[PDB]
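Just the one chain here, laid out as structure tokens, in the form deposited in one PDB entry.
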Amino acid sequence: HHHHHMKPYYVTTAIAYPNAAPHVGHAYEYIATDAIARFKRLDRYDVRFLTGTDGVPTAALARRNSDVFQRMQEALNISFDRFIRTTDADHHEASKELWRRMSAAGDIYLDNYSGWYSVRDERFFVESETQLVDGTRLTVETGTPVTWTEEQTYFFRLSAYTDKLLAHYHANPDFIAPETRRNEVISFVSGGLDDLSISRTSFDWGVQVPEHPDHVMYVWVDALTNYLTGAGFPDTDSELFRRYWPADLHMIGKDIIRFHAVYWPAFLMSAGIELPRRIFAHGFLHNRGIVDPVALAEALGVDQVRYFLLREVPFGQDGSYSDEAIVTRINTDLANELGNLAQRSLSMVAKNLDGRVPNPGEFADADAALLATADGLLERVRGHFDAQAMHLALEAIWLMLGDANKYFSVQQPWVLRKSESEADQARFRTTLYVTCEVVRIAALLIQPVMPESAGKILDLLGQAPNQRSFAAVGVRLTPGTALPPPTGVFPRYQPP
């Protein structure tokens, strides 16, 4: 009964709230988290990569959510793992069990409350958190209407966890990232926290509170438990839960950080459940002077868009999109620096070395320096990925590709091809081998960012599909390997 060997890694994308519809607006988040998951799969991890998502209006919306999810997954090549339907997941047993544990811990109480309530956010707001935009009172943070409501509601004793949360932040400095987001959460919690309304009296459809069917949970309370549902909760003895909980990484947008970094860990502390290891809040994309990567991918190519978004924007910051910025990356970074270097060297293998990887001679100093830089990339890229700094990992790879192109232009293997010498031909073989070998290493490491284009390059280098994990980075290109006739992988931008 051994169906797994590698260390597990459980990573989630964000719940939909405050949007009723999942997936929409999450393409950037999905591309980034997919690259993280693909990197972990290539680095000998058992990856579990899941979404944070689970009358007549509600059901057709379920078809649209499905259609949007399939299109986004296929257009951007997201490799979410397949979740198995269970009876507990259909009946919201996770949030009901979480409620039971928090109630049994003494952290849930009924009370009367009056204040500004937002139907869309399902939250209460204080006076300073509202504003009259134009004779209509809206929330300052989200812009949703509020009306004054006097309700009976169940509260979570969030105030009893202010210091416990600050102690968790101090003991786990990598729990919240990037650092500007960590400083903001610490500043917020340090000001003190009030108790948190978590239910409403309603007969509308929703997750009924255990023992109190006249109350229903707010949508975001039950939504957060989807992370636990993804690991088989409330079946804490199940193999799924022992293996994958706690989650290693919650990937979210910075708009819902307080739900994940304050409310969520307090809920889990109250219920006696292990907390997630890390929360990373990314920024949002805007046009220069909203950005739809699915439409960009269909127009420009999936790997061009995935590369641009993960390279142009330092992950965590807000990003600016201009057509000029992505055209340069498509034409310079991809088509020229990587594509043309691979095409030039592979063309000489096919035409002058009978389509066979040459056996290199003894490596000169210039050969060893370039190989040493490439051999050191896996360690540097792994460190950047562990901090969710994919832009720095891609910059490191293209810095090596810069050295490789410089090396290629200095060695001039296309002029050594002519000479009938014994030393020029040996130098011809060695320089082509070194260029192919560093292209192989770069192609292996860009698989998380551009899976198909990297796969095509590895096909051109005669690498079987079984020899494409990061363990293969330390195994040099085999002389005598037969290479297929080279074809283009990274085309130049074609204006409409």
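Between two forms, the rigid core is the largest collection of C-alphas that superpose within 1.5 Å. The first residue of the sequence shown is number 1, and the count goes up from there.
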Looking at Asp54 and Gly55, the deposited sequence has unmodelled residues in between totalling 10 or more
Quick one: classify how much of the deposited chain lacks coordinates between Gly135 and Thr136, choosing none, 1 to 3, 4 to 9, or 10 or more. none
Name the higher of the two by mean Cα B-factor in the PDB entry, 357-365 versus 333-341. 357-365
Per the record, averaged over C-alpha atoms, which has the higher B-factor: 308-316 or 405-413? 405-413
According to the Cα B-factor stored in this entry, which of the following is highest: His215, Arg277, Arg182, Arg242? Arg242
Would you mind checking which of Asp174, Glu151, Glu97, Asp375 has the top Cα temperature factor in the PDB entry? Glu151
Is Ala21 in the lowest, middle or highest third of its chain when residues are ranked by C-alpha B-factor? highest
How does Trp205 rank on Cα B-factor within its chain, lowest, middle or highest third? highest
Splitting the chain's C-alpha B-factors into thirds, which one does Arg380 fall into? middle
Per the entry's values, where does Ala247 land by CA temperature factor relative to the rest of its chain, in the lowest, middle or highest third? lowest
Where does the C-alpha B-factor of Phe428 rank in its chain, lowest, middle or highest third? highest
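Omitted from view is the form deposited with a small molecule bound, to which the following refers.
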Answer among 143-151, 226-234, 356-364, 111-119 for heavy atoms within 4.5 Å of the small molecule in the deposited complex: the stretch 226-234
Would you check, heavy atoms only and a 4.5 Å threshold, whether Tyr17 touches the small molecule in the deposited complex? yes
Considering only heavy atoms, tell me if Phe49 and the small molecule come within 4.5 Å of each other in the deposited complex. no
Interface membership of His282, the small molecule in the deposited complex, 4.5 Å heavy atom rule: yes
Does the 4.5 Å heavy atom contact test between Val209 and the small molecule in the deposited complex come out positive? no
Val185, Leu370, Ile256, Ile330: which sits within 4.5 Å of the small molecule in the deposited complex by any heavy atom? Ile256
Consider the chain as shown here, without its partner, and state which of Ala393, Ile252, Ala266, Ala94 has a heavy atom within 4.5 Å of the small molecule in the deposited complex. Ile252
Flagged residue of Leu132, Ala423, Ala167, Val410 - C-alpha shift reaching 2 Å or more between this form and the one not shown, core superposed: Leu132
Align both forms on the core first, then report whether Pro213 has a C-alpha shift of 2 Å or more between this form and the one not shown. yes
Compare the position of the CA of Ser469 between this form and the one not shown after a rigid core fit and state whether the shift reaches 2 Å. no
Is it true that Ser187 shifts between this form and the one not shown by 2 Å or more at the Cα, once the core is aligned? no
Distance flag for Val24 and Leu310 (Cα, change 3 Å or more) in the deposited complex: the two residues are closer
Regarding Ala32 and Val24, go with closer or farther for their CA spacing in the deposited complex versus this form, the difference being 3 Å or more. closer
